Amino acid sequence: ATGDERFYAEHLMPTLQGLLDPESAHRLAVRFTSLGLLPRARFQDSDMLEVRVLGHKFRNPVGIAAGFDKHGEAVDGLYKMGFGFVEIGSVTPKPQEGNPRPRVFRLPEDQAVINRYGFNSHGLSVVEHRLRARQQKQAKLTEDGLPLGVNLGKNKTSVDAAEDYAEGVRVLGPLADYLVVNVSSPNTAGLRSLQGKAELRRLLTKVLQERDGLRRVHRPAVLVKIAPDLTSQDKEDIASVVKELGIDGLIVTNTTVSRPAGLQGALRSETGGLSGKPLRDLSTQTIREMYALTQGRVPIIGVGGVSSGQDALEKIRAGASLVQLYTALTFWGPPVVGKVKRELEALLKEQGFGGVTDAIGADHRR
Ligand SMILES: CCn1c(CO)nn(-c2cc3c([C@@H](C)C(F)(F)F)cn(-c4ccccc4C)c(=O)c3cc2F)c1=O
Ligand SMILES: Cc1cc2nc3c(=O)[nH]c(=O)nc-3n(C[C@H](O)[C@H](O)[C@H](O)COP(=O)(O)O)c2cc1C
Ligand SMILES: O=C(O)c1cc(=O)[nH]c(=O)[nH]1
Ligand SMILES: [Cl-]
Ligand SMILES: [Cl-]
Ligand SMILES: [Cl-]
């Protein structure tokens with residue numbers, strides 16, 4: 001395990017990344033993953049890593065964040081990597097190209113990425129048919145503790161944002177264990193304004209009504225994914241709305257439009273969302289605040305700068321029931337998944353926790 005980890009991180013990934021533009025490297029990764037061209041996921045998930053949340057069993061708490069598999073092309077390969085859950089998307093109602101290239105930038109000195117993809121999406125119909133082709137295979141995976149999330153976006157030219165999300169609920173809701181109302185992309189104009197109170201309550205009411213109209217076996221959990229750049233007022237309002245409406249959970253956080261002091265990469269001043277190590281603590285602190293504002297009663301999926309067991313446990317202790325990563329995979333490759341899981345298990349034992357469940361929100365009880 002540690003053999004593969006070292007070779008991937010120290011030699012293979014830096015070599016491959018030095019040969020390819022970042023978007024090409026992304027596209028090839030999706031293709032390789034969809035073909036199962038992957039190292040052995042050596043790590044056996046232990047009972048200590050199981051989590052029950054959102055109406056589902058999760059064999060382990062480490063998921064792939066939205067953005068890697070935007071169009072649902074690599075789901076089975078991502079489970080083969082050892083992820084305990086997979087989130088696809090964002091998916092928009094109609095197909096759209098996204099922003100002009102280049103739109104992805106590597107900051108290897110910062111272990112960070114900046115992206116401005118702009119919701120490049122195959123669209124709901126294409127993704128629906130892709131997920132339908134493996135719908136019963138997914139039902140068995142979910143029963144076995146490997147749930148699927150679908151992240152919903154909106155088209156660039158839409159006039160009625162709530163209608164775009166409602167279309168996504170109707171089309172992909174029946175194929176998902178959970179849905180994500182992504183109101184926090186930094187790369188669609190006006191999108192993050194949907195996080196404001198009046199707009200959010202109206203939007204989320206419509207989303208929940210649509211979800212509630214699906215047949216029981218086809219009725220997903222609904223989560224809201226938020227930015228790391230919210231004001232204190234915005235956070236208080238989101239918390240209020242989520243509790244009022246009975247939203248099932250939060251994903252905390254998307255990428256940041258901030259540029260923390262100390263970034264070294266030449267491309268630091270590119271427009272887009274920043275991910276990876278510089279986002280880590282900003283995300284952990286957003287988890288911590290959202291957990292407090294919701295009384296620990298709203299499950300949180302914690303995301304932003306996770307590349308180790310320690311990073312995962314810090315998010316869990318701050319309030320996350322589950323975590324996701326993406327950017328670390330770009331530097332470490334597939335062995336990062338088993339690395340995080342092994343390190344997390346070790347730390348849980350070292351800190352006296354019986355399993356992940358016992359550590360959720362543990363910092364708030366100090
Ligand atoms: C943010 C966009 N973005 C970038 C650029 O910022 N990189 N990236 C990415 C690339 C890769 C690559 C490429 C280098 C490939 F494909 F060109 F080699 C291989 N592999 C891999 C290795 C060994 C075996 C099986 C795979 C899939 C990965 O896991 C992987 C993951 C990734 F997230 C990615 O999504
Ligand atoms: C290239 C790229 C594309 C992304 N696209 C999406 C997206 O379509 N929808 C979404 O909710 N989040 C998207 N994200 C955000 C990630 O899901 C995640 O919230 C963020 O990158 C923080 O995690 P990380 O530091 O582990 O990458 C994307 C991130 C990256 C790097
Ligand atoms: O498509 C993108 O640009 C994208 C969407 C999102 O939600 N987050 C992100 O960092 N990029
Ligand atoms: Cl680059
Ligand atoms: Cl169906
Ligand atoms: Cl920006």
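Computed over heavy atoms, backbone and side chain alike; hydrogens, waters and symmetry mates excluded. Each residue takes its place number in the sequence, starting with 1. Note that ligands are numbered from 1 as they come in the structure, with each ligand's atoms numbered from 1 the same way.
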Pull out every atom of ligand 1 sitting under 4.0 Å from any heavy atom of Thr33, numbered as shown with elements.
27 (C)
Report, one line per pair, each donor and acceptor closer than 3.5 Å where one atom sits in a side chain of residues 349-357; sequence neighbours left out.
from: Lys349; atom 1: NZ; to: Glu345; atom 2: OE2; distance (Å): 3.1
from: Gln351; atom 1: OE1; to: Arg317; atom 2: NH1; distance (Å): 3.0

Enumerate the protein residues lying less than 4.0 Å from ligand 2, judged by heavy-atom distances, in chain and residue-number order.
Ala65, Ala66, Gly67, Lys70, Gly89, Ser90, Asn115, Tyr117, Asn151, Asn182, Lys225, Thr253, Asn254, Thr255, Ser275, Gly276, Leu279, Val303, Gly304, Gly305, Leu325, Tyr326, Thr327
Parallel, tilted or perpendicular: ring planes of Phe58 versus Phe85, cut at 30 and 60 degrees
perpendicular
Going by atom type alone, with no hydrogens or angles, which donor-acceptor pairs under 3.5 Å involve a side-chain atom of residues 271-279 and a protein atom two or more places apart or on another chain?
from: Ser275; atom 1: OG; to: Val113; atom 2: O; distance (Å): 3.4
from: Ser275; atom 1: OG; to: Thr327; atom 2: OG1; distance (Å): 2.6

Is it possible for you to say whether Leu148 and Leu124 belong to one hydrophobic cluster, with membership spreading through side-chain heavy-atom contacts below 4.5 Å?
yes
Does any N or O atom in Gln17 lie less than 3.5 angstrom from one in ligand 1, N or O only?
yes
Taking the side chain from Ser34 and the backbone from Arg31, do they hold a donor-acceptor pair closer than 3.5 Å?
yes
Test item: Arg259 side-chain N/O and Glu270 main-chain N/O as donor-acceptor pair under 3.5 Å:
yes
State if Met13 counts as touching ligand 1 under the rule of any non-hydrogen atom under 4.0 Å.
yes
Short question: side chain of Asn155, backbone of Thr157 - any donor-acceptor pair under 3.5 Å?
no
Side chains of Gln135 and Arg132: do they bring a donor and an acceptor to under 3.5 Å?
no
Determine, using heavy atoms of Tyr326 and all atoms of ligand 1, whether some pair is separated by less than 4.0 Å.
yes
Contact atoms of ligand 1, heavy-atom distance to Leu16 under 4.0 Å:
14 (C), 18 (F)
Do side-chain atoms of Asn187 reach the backbone of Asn115 as a donor and acceptor pair under 3.5 angstrom?
yes
of all protein heavy atoms, closest to atom 23 (C) of ligand 1 is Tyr8 CE2, 3.6 Å
If we number the atoms of ligand 1 from 1 as shown, the ones under 4.0 Å from a heavy atom of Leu20 are 17 (F)
If a pair satisfies side-chain hydrogen bond (donor to acceptor under 3.5 Å, both in side chains) and one of its residues is in residues 237-246, list it, with sequence neighbours excluded.
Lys197-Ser240, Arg201-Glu244, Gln233-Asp237, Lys243-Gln295
Residue, atom name and distance, where the atom is the protein heavy atom closest to atom 8 (N) of ligand 1:
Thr330 CG2, 3.5 Å
Considering non-hydrogen atoms of the protein only, which is the closest contact for atom 5 (C) of ligand 1, and what is the distance?
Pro22 O, 3.5 Å
Of all protein heavy atoms, the one nearest atom 21 (C) of ligand 1 is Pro334 CD, 3.9 Å
Donor-acceptor pair, distance only, cut-off 3.5 Å: does the side chain of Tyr165 make one with the backbone of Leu203?
no
List every atom of ligand 1 that sits less than 4.0 Å from any heavy atom of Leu37, numbering the atoms from 1 in the order shown and giving each element.
24 (C), 25 (C)
When distances are taken from atom 6 (O) of ligand 1, the protein heavy atom at minimum range is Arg106 CG, 3.5 Å
Atom 16 (F) of ligand 1: the protein heavy-atom neighbour that sits closest, reported with distance to 0.1 Å:
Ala29 N, 3.2 Å
Taking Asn182 for the side chain and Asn151 for the main chain, is one N or O donor matched with an acceptor at less than 3.5 Å?
no
Relative to each other, are the rings of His11 and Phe7 parallel, tilted or perpendicular (30° and 60° limits)?
tilted
Among protein heavy atoms, which sits nearest to atom 15 (C) of ligand 1, and what does the distance come to when rounded to 0.1 Å?
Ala25 O, 3.9 Å
